[PDB]
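Before we start, here is the structure in question, set down as structure tokens.
Order of writing sets the chain letters: A, B, C, D, E and F. Residues in each chain are counted from 1.
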Amino acid sequence: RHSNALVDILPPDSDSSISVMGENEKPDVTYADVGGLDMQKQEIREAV
Amino acid sequence: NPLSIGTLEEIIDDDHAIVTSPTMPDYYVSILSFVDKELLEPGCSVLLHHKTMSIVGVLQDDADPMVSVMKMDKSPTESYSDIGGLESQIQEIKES
Amino acid sequence: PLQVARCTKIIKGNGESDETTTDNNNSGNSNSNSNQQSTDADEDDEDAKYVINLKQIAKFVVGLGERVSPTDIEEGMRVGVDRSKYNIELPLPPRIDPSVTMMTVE
Amino acid sequence: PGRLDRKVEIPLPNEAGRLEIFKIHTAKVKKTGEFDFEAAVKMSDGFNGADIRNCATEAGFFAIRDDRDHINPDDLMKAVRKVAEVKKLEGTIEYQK
Amino acid sequence: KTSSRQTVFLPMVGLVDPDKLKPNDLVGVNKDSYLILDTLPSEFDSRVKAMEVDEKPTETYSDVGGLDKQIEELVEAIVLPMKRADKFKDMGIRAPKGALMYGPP
Amino acid sequence: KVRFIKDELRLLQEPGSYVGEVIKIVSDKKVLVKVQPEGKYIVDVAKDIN
């Protein structure tokens, strides 16, 4: 503050945007709320 | 040695002048030094002194970084006998 | 160098006051900043306060000069003031358009 | 889905719905006794409750021309014919989505 | 909100009270440390002062050829409630909340 | 190790440095330099560069 010089880094906050959604506001939907579609589910689970 | 630019807004009759700085305030300068006020007119760039803003003289001469871009220094090849035909077209641009 | 200013408006310390003595509005003596009588045991030097807007576009009430007249500095007049102390000392010429207008006319 | 899930449409006050709207308004301003509400509703067919509020005002204008502080039954007749032309021209029957 | 482009929340002085203020009042603030130092009347500007009164030139309705319905409509909105203003309070009807006049120049 | 940390703490303690770009060379052996966020300042060159 009294004279600029580099002393520390911070987490990135800018020049890359926010478009995330966290795990603290994650959907309440889970695989258990998934009823049907159980054949195709296995392939998504394996893929992601 | 340090100097700031100003642009000469107008002259004021009594060997003073009023200038516009690149910073937001204008300032009231006095015309001093070797450079006379028949070598300066409004619309000309002036140099200003650091401590007490004063008309040093002009040496910027309305320079801008776009003048360096306009200005070419690179020289082409190029003359006819490296221009393959179009005799009539060669002629017309040469006469104009 | 004086930093360049123009008076937006004039409001006067000699009849709306500015300090606290015994009154907060209107001076009677009217050559003082705050006095309605001379038996206060105070007297001031006040001619008019003048509210100026700088070319910094910060605004100040600015002190007096050293030869300025209250009959020269009024609304619409350019004035020069100090660049860190904020006091008129020398007034400036009228207008501020001759920069663009000399080139347009031919 | 899960923000808006139900849609409730609002239409116009009906032939006997328009009737009720007059009653709230007449009370709210000053009047000298009016009773012509059975005719006035037929004249005011297809109006929003916003324009029933404007009509009372309209009658209010007519009356202050006769130099009265109370709305006559006669003004209310005059008011409703005026509003009615204006209503159709700037008319709106629209539903928003 | 200073003219030095800062918004200052400041401990209040003894000689300027909150009583002596209202929103949107122009105030002298000491230049070096930011405290409300003294009061000032509300801002006045040269153009603002000018804008009030310019009714003359007057065009009336005897030198404007026709233009009705619209000249009548203008009276109903404006002139008629302006003059009989006392009646309009008593009756309880609203006054028109301005007007818009629009169309090709 | 003492000289090294002392050297580094000193670099901080200098006020700052800026950045411009030489626009032209004048004949008095000064240079017009455009300082990138502010204006242009024309100044005698350093005593160790020409």
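As a working rule, a contact is a pair of C-beta atoms (placed from the backbone, for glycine too) under 8 Å apart; a residue touches a chain by one contact, two chains touch by 3 or more.
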Could you see whether B-C or A-F has the larger number of C-beta contact pairs? B-C
Separation of mean Cα positions, chain E and chain D [Å, integer]: 33
On a C-alpha centroid basis, what's the spacing between chain C and chain F, in Å? 42
Determine the centre-to-centre distance between chain B and chain D, using the mean Cα coordinates as centres, and give it in whole Å. 73
Inter-chain centre distance, chain B versus chain F - centres from mean C-alpha coordinates, in Å: 25
If a residue has to touch 2 or more other chains to count, which residues of chain C qualify? 57
Find every residue in chain D that makes contact with two or more other chains and list them. none
Each of the following residues of chain E touches two or more other chains, namely none
Make each chain a node and each touching pair an edge, then name the shape: line, ring, star, complete, other. line
Hey, which chains are touching each other here? A-F, B-C, B-F, C-E, D-E
Contacts from chain C onto chain E in the complex sit at residues 8-9, 11, 16, 18-20, 24, 51, 57-61, 75-76, 86
Give the list of chain B residues in touch with chain C in this complex. 9-10, 12, 18, 24-29, 42-43, 52-54
Residue numbers of chain D touching chain E in their complex, please. 28-30, 56-57, 60-61, 63-65, 67, 69-71
Listed in rising order, chain C residues that touch chain B in their complex are 1-4, 54-57, 80, 83, 90, 92-93, 96, 98-99, 102-103
Across the complex, what residues on chain E touch chain D? 76, 80-81, 84, 87-88, 90-94
